[PDB]
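J.: Generate a structure from the sequence data that follows.
(chains A, B, C and D)
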Amino acid sequence: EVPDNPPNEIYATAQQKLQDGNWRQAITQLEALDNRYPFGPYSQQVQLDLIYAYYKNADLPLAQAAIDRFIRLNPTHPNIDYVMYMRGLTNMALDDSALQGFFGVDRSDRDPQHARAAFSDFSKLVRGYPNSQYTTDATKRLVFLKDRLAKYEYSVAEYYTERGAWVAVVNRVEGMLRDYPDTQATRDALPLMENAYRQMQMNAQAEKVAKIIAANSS
Amino acid sequence: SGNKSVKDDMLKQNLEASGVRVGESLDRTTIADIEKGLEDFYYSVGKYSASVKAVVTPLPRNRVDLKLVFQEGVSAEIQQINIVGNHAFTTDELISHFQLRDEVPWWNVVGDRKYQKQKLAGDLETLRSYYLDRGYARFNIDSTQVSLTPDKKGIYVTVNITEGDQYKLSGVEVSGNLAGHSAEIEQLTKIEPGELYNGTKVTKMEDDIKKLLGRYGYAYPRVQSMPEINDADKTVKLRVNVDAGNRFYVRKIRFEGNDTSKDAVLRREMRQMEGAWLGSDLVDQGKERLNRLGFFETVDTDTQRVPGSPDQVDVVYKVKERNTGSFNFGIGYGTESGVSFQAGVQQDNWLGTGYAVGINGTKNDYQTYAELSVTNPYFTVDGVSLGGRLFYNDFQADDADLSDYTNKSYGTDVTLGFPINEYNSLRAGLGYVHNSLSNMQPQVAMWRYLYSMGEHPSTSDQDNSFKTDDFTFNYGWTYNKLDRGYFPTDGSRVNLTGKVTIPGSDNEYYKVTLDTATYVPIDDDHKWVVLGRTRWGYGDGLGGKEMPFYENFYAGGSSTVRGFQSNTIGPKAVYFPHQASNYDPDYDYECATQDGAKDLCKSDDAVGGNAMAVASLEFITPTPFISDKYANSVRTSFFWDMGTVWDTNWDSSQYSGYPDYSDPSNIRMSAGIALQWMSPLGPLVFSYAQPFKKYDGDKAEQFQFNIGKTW
Amino acid sequence: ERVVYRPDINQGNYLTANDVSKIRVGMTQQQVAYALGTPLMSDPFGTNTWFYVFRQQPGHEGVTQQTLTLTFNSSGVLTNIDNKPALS
Amino acid sequence: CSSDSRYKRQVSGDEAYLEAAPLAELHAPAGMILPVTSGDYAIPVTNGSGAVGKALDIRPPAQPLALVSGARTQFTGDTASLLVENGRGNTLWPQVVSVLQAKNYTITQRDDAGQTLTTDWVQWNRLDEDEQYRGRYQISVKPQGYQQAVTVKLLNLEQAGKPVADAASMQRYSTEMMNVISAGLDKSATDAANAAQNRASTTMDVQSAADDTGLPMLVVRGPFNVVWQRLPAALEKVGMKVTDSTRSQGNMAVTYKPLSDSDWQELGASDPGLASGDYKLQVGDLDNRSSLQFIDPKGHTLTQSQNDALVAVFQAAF
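T.: Residues are numbered from 1 along each chain as shown, chains lettered A, B, ... in the order given. Shown next is the protein structure:
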């Protein structure tokens, strides 16, 4: 459905549509320009614009595929940090729901797979390119994702406290301490571990956990 | 281009495996390879003489377009399947169990004589099993020859075998590291004296031993049977070597794919604790409970050994979320006598919290129906449920005067359920209802009930009123063992409900209902099912009163008997003469009125009855034309429904000329076809039914469309 | 209560009289793990202690627990056995 | 239903992650340690100078475009460089000057001898930007070694009548100027190439020689563009009017039309007897040759005898 105008006209039309904010038509134009001229002067710019349009068009799987293709084809592109940041954004977007967001539902109890993937991607970006312009936002998102993952572990430990599975509670809180020591969820979970130790009549471990809690009362 | 049998999708996936993909380079040296591969595929199916030739056309800027010209021939058909060396059985009997067909009867038009290599290998395996399950223990397939006519449309099959002798099991000897469960294993290796050897029995015994060990945490035992044959007396002694291994413990239980449902919603259904020794039966029970929940399209389990650990595993449940809800909505009037609207919101998993929330109502010029219901399936950790329901119904006729059949009702209900077994669960609750009727058209049944209540309304004029406040104790019991939550393919569900008016209520009565749905699969794949569904109901007064006529049972419709108009089966109203409160120009007044006759002429208005019994037999079959990817999102069935409603209090002595509505003999029947689709707006059910058995006053309705789960 | 069905909450790792008798002082950590299996619960703080807890709660029948605490030294050699057969 | 211009440059979501509580370490009481941290979820300590939230531009960075030539092009901080086909001798500077004048861009300083110049403020028009930017540029032409390249340096940018310092906008607009100049040069080059191609008329001789696939093709001794352009007319002559076509894919389809014997000798070098179904055709690219492949409606390829009838002349129709 895309005319076969010379490459410059197609690129200009795609840029105009992107500027206008019509993501679908810009995506169609860019796909035509990429699958007609696979290796040309437009290749890198067209791939980056396709990634951006897929992200803004909520075509997250396509954005992930394009990001992987760009990373593997151009491992040392100067604007590679932007692609890593976009991958982090895509994974973080897969970890969101609009209907639940409207009603103010805390989604930390749902699947943390995409949150883990986003954390990995943002950590890669931050460590690899400390001086990039996306490092501060990446760090803030990393903090948020760490808090969310700790809250997920807290939810599991709380449920097992309700169920009476004390060994599971102790193991979950120990994992929280080993993985997310500095989050608020770990501080909240510490009393759960003390209670689990008390129920199993292991008073020494309960005393140790109580000492830890007291030293960090706040 | 040119392919008439192999779809473009399978071809395209075959291309990517060989590296031919859009955007990549063209490896010319692989062309021949791909071509030959495809030809080989066509030969596996039996389409010999087929050709698959590739053409590469050069497009500018150093590009190419790959066109695969397919020229398929006529598929070869099996002319014969011969077994040489079968002296104990007959070729016909042996090949009757085969997938490949030598010939097809004229009546059977669903099978063909096409050939397939994989089917042939499975066929050889089936023959070997057939001969090994009869105690031969020496059956050997010496060779197999697949021939082909020179015209390449007459493929032939031959199997040369040797039966050997028939052996008997002398005794099973089990030895090894039995982990202290030897006594429980000797009971799985019990054999009858002189019984013939049987390979499938030995395999089942090995599987039973493995399952028995797994129930105690031994997730990875090794069980191998090496039968020692003795031809001197033709006896085989089994030797089952068992090594239980290590007892495994669960380290973590993880849930994947629950993007909407809360984690606790899935964890609370687990019988396998996290920090405890493994039990395979417990894991299976958790999976079955998750399936029975009905919140997930698919549920799978994966026990993954923890790396660098000989004792710990991780159980991962992978679920696919499903649309649990319906949004029934419609408009009936638009601009006739005002405006109207309807709502039908119903959610079984509200925002992934597990709550069941259903709100529906109808606002018209004469109706203001509203209903809200909220239930928490887990109000306690063990599964204690706490439900609640509010409803308010109004009928005013939008006249604000007399002779309008005003009927305003509203009530509350609180329920509390708790399990008693893994499948059974009881329910107890308290309900309150207020009903205020006014300006009732006189009828035999309603006036009889009113007299039973001590009221003496006039039989001629419509002026009358009746207020009743009823407090009821509700009880119930549900046995649920269904295979799934939305499209069951096995198991039975029985739901009993009832209510009794506790002393102090205006009217005393009791009511009880009993549903039932049994799914029996006939096919091993659970694609062909038989569904036997039934519903029963009985109510009556306790003292000198009678059951209120607004609690009557109604039958006929898309939920009870398809093919009849909703709430049309059962007793019909009989109106007394009015001689007052008559609108001459309205012309909507019934036979018994001033404008009409002055007798108890019977009408066609269904009133229901205090006793109801409906049954239904259904055959679930795969959808004739649907991609298997969407097989579980649509269900097709052929149904035969029966139903009857009668009023046990109908006095046949009086009103002798009129029909006797106390007879349960009048059983309506219907038959037809139904289709259910899990659309974005919930389940949509289309059904065409013919009511070949009906009685006077039964309004038929062949085609019916319904929103949401019928039952 | 006492009428709501509750499943069995098994917690810990299985212990048997023979298995508990198979471990004696001076045993290396690997030998103890071989004899009894890897513990499901250790001391995450500054001590080399292994906790073998054996919980069973059939549901409305009372909870029974046997707890075996094994204290090792820095070298990983078993130093103290503390077997508690039942709850206090 | 309601939107604003700013949804284009922001992230799809909310700034909730900016309100997450900070991470504080745990104190270990005396006489015991805390469990050893895995380190898998450790956040490196970086600098918080860049933008956060909705103030960050996720718009893709502007990569300089090598339109005029396929040589190397690269941007670094504030300057973009683009090599050109060979070096064009001393004609690169006048060509760039002419392309610059095309957009009536004002020039204040001139160094034609040294191949350097400066440009006065230039106004940009982008629907993406809520407020239009503007800035100054410097363009020079210098040899990078065995070739002559053009370099552009962005002196500064200004939006809302205020100075800017963000590297994103600087890179974006440096690439904008470089791409504008390069697109002008490439437009001139492609116009010249198109004029040359139009002037160079090609012969319409046809042949039935096959290729590596083994089938005969209605080969035409010409480049892909001209033969593709003239094939619709030739197919119209034989009555096989084109209904669908794809220049970038080569695939095309025709429809049957009854032509009598007089019509076939008029043009089309007689009847191949293809008188049933929708046929499809493909073209090739060989700068002097071009293969035409036909397929039957059933999905097969025409035999040599089937198409040899048209090969008789198959030249006047083109």
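
J.: Could you pull up the residues touching residue B:141?
T.: B:124, B:127-128, B:159-161 (Cβ atoms under 8 Å, 6 or more residues apart in numbering or on different chains). For the C-beta atoms, the positions are set from N, CA and C on the backbone; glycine is no exception.

J.: Mind telling me what element it is part of?
T.: Taking DSSP states H and E as the criterion, residue B:141 maps to strand B:140-147.

J.: The very next helix or strand once past that strand pairs with which strands, and in what direction?
T.: Scanning forward in sequence from strand B:140-147 by DSSP H and E, the next helix or strand is strand B:156-162. On the basis of DSSP bridges, the sheet neighbours of strand B:156-162 come out as strand B:80-84 (parallel), strand B:140-147 (antiparallel).

J.: Relative to residue B:570, how far out is residue B:498?
T.: Distance, residue B:498 to residue B:570, by Cβ to Cβ, to the nearest Å: 20 Å.

J.: the more surrounded of those two?
T.: Applying other Cβ atoms under 10 Å in any protein chain shown to residue B:498 and residue B:570 shows that residue B:570 carries more neighbours, namely 28 against 19.

J.: Ramachandran angles for residue 60?
T.: Chain wasn't specified; assuming chain A. Dihedral pair for residue A:60: phi -60, psi -50, per degrees, to the nearest 10.

J.: Ok, residue C:12 next?
T.: Per degrees, to the nearest 10, the backbone of residue C:12 is at phi 110, psi -150.

J.: Could you check how far it is from chain A?
T.: 6 Å (Cβ to the nearest Cβ, to the nearest Å).

J.: contacting residues around residue 180?
T.: As the question left the chain open, I've gone with chain A. Residue A:180 is in contact with A:146, A:149-150, A:153, A:186, D:41, counting by Cβ under 8 Å, 6+ apart.

J.: Wait, chain D was what I had in mind.
T.: Neighbouring residues of residue D:180 by Cβ under 8 Å, 6+ apart: residue D:103.

J.: Pull out the buried residues from the helix or strand containing residue B:66.
T.: Using DSSP H and E, residue B:66 falls within strand B:63-71. For strand B:63-71, a neighbour-count test (16 or more other Cβ atoms under 10 Å in any protein chain shown) marks B:63, B:65, B:67-71 as buried.

J.: Out of those residues, the closest to residue D:12 would be?
T.: residue B:63 (35.0 Å; Cβ to Cβ).

J.: For beta bridges, what are the partners of the closest one?
T.: Beta-bridge partners, per DSSP bridges, of residue B:63: residue B:59.

J.: what sits up against stretch B:550-557?
T.: Outside stretch B:550-557, the residues touching it (Cβ under 8 Å, 6+ apart) are B:409, B:435, B:437, B:509, B:511, B:513, B:537, B:539, B:560-561, B:564-570, B:606-612, B:614, B:643-645, B:668, B:698, B:704.

J.: ok, and for it, which residues are buried?
T.: Buried residues in stretch B:550-557, counting neighbours by 16+ other Cβ under 10 Å, are found at B:551-557.

J.: where exactly do the helices run in chain C?
T.: C:17-21, C:29-36 (DSSP state H).

J.: check contacts around the residue most central in space within chain D.
T.: Geometric centre of chain D, nearest residue: residue D:67, 8.6 Å, by Cα atoms, centre = their mean. By Cβ under 8 Å, 6+ apart, the contact set of residue D:67 is A:8, A:41, D:179, D:182-183, D:185-186.

J.: Ok, residue D:204 next?
T.: By Cβ under 8 Å, 6+ apart, the residues touching residue D:204 are D:220-222, D:230, D:315, D:318.

J.: next helix or strand past the helix or strand hosting residue D:110?
T.: Element membership for residue D:110, per DSSP H and E: strand D:107-111. Going down the chain from strand D:107-111, the next helix or strand is strand D:116-123, by DSSP H and E.

J.: For residue B:72, see how far away the residue in chain B positioned nearest to chain D is.
T.: Using Cβ to the nearest Cβ, residue B:2 is the residue of chain B that sits closest to chain D, at 2.9 Å. Separation of residue B:2 from residue B:72 (Cβ to Cβ): 7 Å.

J.: what do you get for residue B:299?
T.: The value you get for residue B:299 to residue B:72, if Cβ to Cβ is used, is 41 Å.

J.: Between those two, tell me which one has more neighbours.
T.: Each of residue B:299 and residue B:72 has its neighbours counted (other Cβ under 10 Å); residue B:299 has more, 21 against 18.

J.: Of the contacts of residue D:67, which belong to helices?
T.: A:8, D:179, D:182-183, D:185-186.

J.: restrict the residues you listed to those near chain C?
T.: When contact is defined as Cβ under 8 Å from any Cβ of the partner chain, the ones in helices among the contacts of residue D:67 do not meet chain C at all.

J.: which of the residues in stretch C:45-54 are buried?
T.: In stretch C:45-54, counting by 16+ other Cβ under 10 Å, buried: C:45, C:48-54.

J.: Quick one: those residues as a markdown table, columns for distance to residue B:576 too.
T.: Formatted as a markdown table, the buried residues of stretch C:45-54 follow (distance: Cβ to Cβ, whole Å):
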| residue | distance to residue B:576 |
| --- | --- |
| C:45 | 89 |
| C:48 | 94 |
| C:49 | 90 |
| C:50 | 88 |
| C:51 | 84 |
| C:52 | 84 |
| C:53 | 79 |
| C:54 | 79 |
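
J.: out of those, which one sits closest to residue D:151?
T.: Of the buried residues of stretch C:45-54, the one sitting nearest to residue D:151 (Cβ to Cβ) turns out to be residue C:45, at 63.5 Å.

J.: For that closest one, give me its contacts.
T.: Listed by Cβ under 8 Å, 6+ apart, the contact set of residue C:45 reads A:208, D:32-35.

J.: With adjacent residues omitted, what lies nearest to it?
T.: Residue nearest to residue C:45 in three dimensions, not counting chain neighbours: residue D:32, with 4.5 Å by Cβ to Cβ, 6 or more residues apart in numbering or on different chains.

J.: returning to that earlier point: which one, of the helices of chain C, ends up nearest to chain D?
T.: Using Cβ to the nearest Cβ, the helices of chain C put helix C:29-36 closest to chain D, at 17.5 Å.

J.: and the closest one, does that touch chain A?
T.: No: for helix C:29-36, no contact with chain A is found by Cβ under 8 Å from any Cβ; the gap never falls below 15.4 Å.

J.: tally of neighbours for the residue nearest to residue B:264 when sequence neighbours are not counted?
T.: Sequence neighbours aside, residue A:159 is the residue nearest to residue B:264 in space, at 4.8 Å (criterion: Cβ to Cβ, 6+ apart). Applying other Cβ under 10 Å, we find 21 other residues in the vicinity of residue A:159.
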